[PDB]
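Chains as they are written, first to last, in full-length UniProt numbering: chain V, 74 to 149; chain F, 665 to 714; chain D, 665 to 714; chain W, 1 to 60. Don't be surprised by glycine CBs; every beta carbon is placed ideally from N, CA and C. To keep things clear, I will list the structure first and then write my remarks on it.
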Amino acid sequence: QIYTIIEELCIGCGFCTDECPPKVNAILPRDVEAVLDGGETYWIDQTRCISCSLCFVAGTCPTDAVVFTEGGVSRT
Amino acid sequence: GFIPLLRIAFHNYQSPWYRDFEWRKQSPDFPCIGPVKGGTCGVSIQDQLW
Amino acid sequence: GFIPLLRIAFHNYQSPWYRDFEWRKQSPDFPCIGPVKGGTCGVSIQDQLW
Amino acid sequence: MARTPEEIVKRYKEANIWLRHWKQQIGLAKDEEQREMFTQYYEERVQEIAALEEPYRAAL
Ligand code: SF4
Ligand code: SF4
Ligand code: SF4
Numbered sequence: 074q075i076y077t078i079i080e081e082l083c084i085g086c087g088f089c090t091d092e093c094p095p096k097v098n099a100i101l102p103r104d105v106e107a108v109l110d111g112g113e114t115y116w117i118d119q120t121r122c123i124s125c126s127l128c129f130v131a132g133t134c135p136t137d138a139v140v141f142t143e144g145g146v147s148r149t
Numbered sequence: 665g666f667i668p669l670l671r672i673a674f675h676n677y678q679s680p681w682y683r684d685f686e687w688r689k690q691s692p693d694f695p696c697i698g699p700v701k702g703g704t705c706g707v708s709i710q711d712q713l714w
Numbered sequence: 665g666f667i668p669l670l671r672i673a674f675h676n677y678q679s680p681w682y683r684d685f686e687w688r689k690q691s692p693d694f695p696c697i698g699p700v701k702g703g704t705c706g707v708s709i710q711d712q713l714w
Numbered sequence: 001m002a003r004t005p006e007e008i009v010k011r012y013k014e015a016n017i018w019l020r021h022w023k024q025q026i027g028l029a030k031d032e033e034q035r036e037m038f039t040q041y042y043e044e045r046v047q048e049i050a051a052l053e054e055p056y057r058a059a060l
């Protein structure tokens with residue numbers, strides 16, 4: 074399975090990167106390229122993402138962007 | 665003193681500021697979601713109680 | 665009173681909290697970067713000034 | 001089910017967001033299997049947008 078983040082909907086809140094086990098640090102924060110709005114964005118680094126589907130099943134992500142797929146995507 | 669209580673009763677899930685953005689409050693006690701749109705601290709129901 | 669001036673002098677870009685997460689302060693006056701890690705309001709050098 | 005002009009516009013915008021999203025993932029794929037899987041989802045969204053382009057112009 075895969076867990077991607079829609080970078081148009083995401084607002085750089087933190088409520089995701091918050092799940093990700095520190096040791097793995099899969100969710101990131103590309104920051105500041107002239108932004109008030111959203112602040113930053115937080116894409117999942119595939120090169121290192123244990124895929125515990127923490128992020129996605131924790132519910133909290135206002136905009137709804139933590140995708141969650143494997144053979145067909147569904148968020149909410 | 666009671667206008668925050670009407671905000672709890674109507675806007676626990678969506679206020680009209682949230683609904684223009686498509687936002688959806690995901691729980692009753694979250695602190696914020698900001699710095700987006702200037703900042704959002706204090707929209708949850710727990711905060712309206714305070 | 666002057667400990668925040670030392671923090672301005674040393675940690676305008678990275679402090680030990682920041683460096684541990686690999687973060688970097690992108691401007692001198694941002695208010696926060698949101699609710700992650702518990703909350704991050706007030707780390708910038710303009711805030712340390714206040 | 002005749003999808004209303006608003007539903008056609010909504011679906012065309014959603015498909016473009018996904019397309020946009022999916023394309024980006026190609027850059028981030030860490031292996032060939034993940035890249036192929038993304039590529040399949042991108043191609044499915046290209047076909048959906050192509051099938052929605054004429055209805056979308058009419059709906060607009
Ligand atoms: S799926 Fe697991 S490893 Fe991947 S970003 Fe989410 S919490 Fe981290
Ligand atoms: S919870 Fe949603 S909006 Fe917030 S950083 Fe994660 S993906 Fe982005
Ligand atoms: S300073 Fe404001 S936007 Fe930042 S975490 Fe605190 S309440 Fe949220």
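Interface residue (Cβ-Cβ distance to chain V less than 8 Å): residue 697(D) is classified as such. At a Cβ-Cβ threshold of 8 Å, residue 75(V) and residue 142(V) count as neighbours. With a cutoff of 8 Å on beta-carbon distance, residue 120(V) and residue 30(W) are scored as near each other.
Looking only at 47(W), 49(W), 58(W) and 37(W), the smallest Cα-Cα distance to residue 146(V) is reached by 37(W). Under the DSSP assignment, residue 58(W) falls in the alpha helix (DSSP H) whose first and last residues are 32 to 59.
As the crow flies, the alpha-carbon of residue 682(F) is around 12 Å from that of residue 690(F). Following the DSSP letters along the chain, one finds residue 714(D) in no alpha helix (DSSP H), marked with neither H nor E.
If you check the CB distance, residue 114(V) and residue 83(V) come in under 8 Å. The beta-carbon separation of residue 697(D) and residue 144(V), rounded to 35 Å, does not stay under the 8 Å limit for a contact. Per DSSP, the beta bridge partners of residue 100(V) are 117(V). Under the Cβ criterion of 8 Å, residue 703(F) is counted among the residues facing chain D. Chain V places no beta carbon closer than 8 Å to that of residue 49(W), leaving this residue out of the contacts. For residue 92(V), no Cβ of chain W is located within less than 8 Å of the residue's own Cβ. Between the C-alpha atoms of residue 3(W) and residue 705(D) there is a straight-line separation of about 46 Å.
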